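Contents: one structure, followed by commentary.
Computed over heavy atoms, backbone and side chain alike; hydrogens, waters and symmetry mates excluded. Numbers here are sequence positions counted from 1.
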Amino acid sequence: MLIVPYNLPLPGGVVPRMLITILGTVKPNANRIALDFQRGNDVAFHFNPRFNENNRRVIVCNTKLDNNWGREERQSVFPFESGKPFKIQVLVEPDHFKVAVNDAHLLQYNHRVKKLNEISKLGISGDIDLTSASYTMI
Ligand SMILES: OC[C@H]1O[C@@H](Sc2cccc(Cl)c2)[C@H](O)[C@@H](n2cc(-c3cc(F)c(F)c(F)c3)nn2)[C@H]1O
Ligand SMILES: [Cl-]
Ligand SMILES: [Cl-]
Ligand SMILES: [Cl-]
Ligand SMILES: [Cl-]
């Protein structure tokens with residue numbers, strides 16, 4: 001379906017009520033996936049499933065400013081499975097990105113990058129077959 005890494009333009013950046021939906025399948029023996037909501041070279045929101053970080057599965061979220069990664073936000077819930085189809089929904093709310101996987105809420109990430117309308121690309125990378133990536137306003 002789509003070539004990874006895939007770039008989805010976000011025209012005029014993001015705004016509350018914007019919903020991004022990603023459909024794909026995790027490859028066998030996946031190691032990593034990443035979503036990168038980019039403001040130029042900066043990464044406003046990096047969402048990064050790691051399948052084998054010291055034999056644990058964890059989602060790492062962070063922001064990259066002037067080429068430097070900030071303080072990571074980790075929680076324990078890991079809804080992805082090697083080999084299986086998934087849906088990721090990222091809903092922009094006024095104070096955070098809200099993420100649900102497979103229709104179940106996963107996590108929130110508070111806005112560190114304040115200029116939402118300059119967050120103008122979403123990169124999708126890692127160990128998936130990517131079916132589709134799109135957005136709508138709810
Ligand atoms: O905090 C989050 C960051 O963690 C560092 S490690 C680190 C080093 C120094 C300081 C800090 Cl705070 C962290 C990683 O190197 C970063 N990273 C992952 C990817 C990547 C690329 C791909 F192509 C993928 F497919 C993929 F899934 C992921 N690109 N950059 C990022 O995850
Ligand atoms: Cl493509
Ligand atoms: Cl951008
Ligand atoms: Cl804005
Ligand atoms: Cl990739």
Side-chain angles (χ1 to χ4, degrees):
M1 223 138 335
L2 299 178
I3 289 297
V4 171
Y6 185 77
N7 177 65
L8 180 61
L10 305 172
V14 303
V15 65
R17 307 198 65 76
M18 195 172 168
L19 179 67
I20 298 92
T21 301
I22 304 98
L23 291 159
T25 299
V26 178
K27 290 177 173 188
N29 300 109
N31 181 64
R32 63 185 186 160
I33 301 167
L35 305 182
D36 286 287
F37 288 86
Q38 309 256 175
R39 173 173 177 262
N41 188 64
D42 286 355
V43 181
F45 175 42
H46 177 79
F47 173 90
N48 174 216
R50 300 181 182 181
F51 288 75
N52 182 11
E53 184 189 65
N54 304 132
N55 308 131
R56 304 198 183 178
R57 310 200 191 274
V58 62
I59 298 168
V60 179
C61 296
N62 206 355
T63 294
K64 195 189 196 187
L65 300 174
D66 290 346
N67 241 27
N68 302 320
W69 293 103
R71 206 156 60 184
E72 293 181 339
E73 305 192 23
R74 300 162 172 254
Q75 54 74 59
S76 52
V77 176
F78 193 97
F80 303 96
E81 294 291 339
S82 291
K84 298 196 200 190
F86 64 82
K87 179 172 68 181
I88 302 166
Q89 289 162 313
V90 182
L91 179 60
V92 182
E93 293 196 322
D95 291 333
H96 53 256
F97 295 94
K98 189 176 77 188
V99 182
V101 177
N102 303 341
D103 295 312
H105 175 66
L106 180 59
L107 59 79
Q108 290 179 189
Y109 185 87
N110 280 346
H111 299 304
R112 302 188 190 169
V113 175
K114 306 292 175 190
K115 286 174 199 173
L116 299 181
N117 70 5
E118 295 186 359
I119 308 171
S120 303
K121 290 176 194 280
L122 171 61
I124 302 173
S125 58
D127 298 333
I128 66 172
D129 294 329
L130 180 59
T131 300
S132 59
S134 68
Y135 48 74
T136 195
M137 308 287 305
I138 66 171

Give, for atom [atom1] of [X] and atom [atom2] of [Y], the distance between the pair rounded to the nearest 0.5 Å.
X	Y	atom1	atom2	result
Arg39	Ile119	CZ	CD1	8.0 Å
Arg50	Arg74	CZ	CZ	5.5 Å
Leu2	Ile124	CG	CD1	7.5 Å

Group every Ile, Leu, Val, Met, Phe, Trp and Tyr by side-chain heavy-atom contacts under 4.5 Å, then state whether [X] and [Y] land in the same group.
X	Y	result
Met1	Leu130	no
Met18	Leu91	no
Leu19	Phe47	no

For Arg32, is there any backbone N or O sitting under 3.5 Å from a side-chain donor or acceptor partner on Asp127?
yes
Is a side-chain donor or acceptor of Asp36 paired with a backbone partner of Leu122 at a separation under 3.5 angstrom?
no
Residues two or more places apart in sequence or in another chain: which of them pass salt bridge (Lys or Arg N to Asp or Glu O under 4.0 Å) with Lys121?
none
For [X] and [Y], work out which heavy atoms get closest and say how close.
X	Y	value
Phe80	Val101	CZ-CG2, 3.8 Å
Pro79	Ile59	CD-CD1, 3.9 Å
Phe51	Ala30	CB-O, 3.3 Å

Find out whether [X] and [Y] are in side-chain contact, i.e. whether some heavy atom of one side chain is under 4.5 Å from a heavy atom of the other.
X	Y	value
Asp129	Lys27	yes
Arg112	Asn62	yes
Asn117	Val15	no

In terms of the angle between their ring planes, are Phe45 and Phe97 parallel, tilted or perpendicular, with boundaries placed at 30° and 60°?
parallel
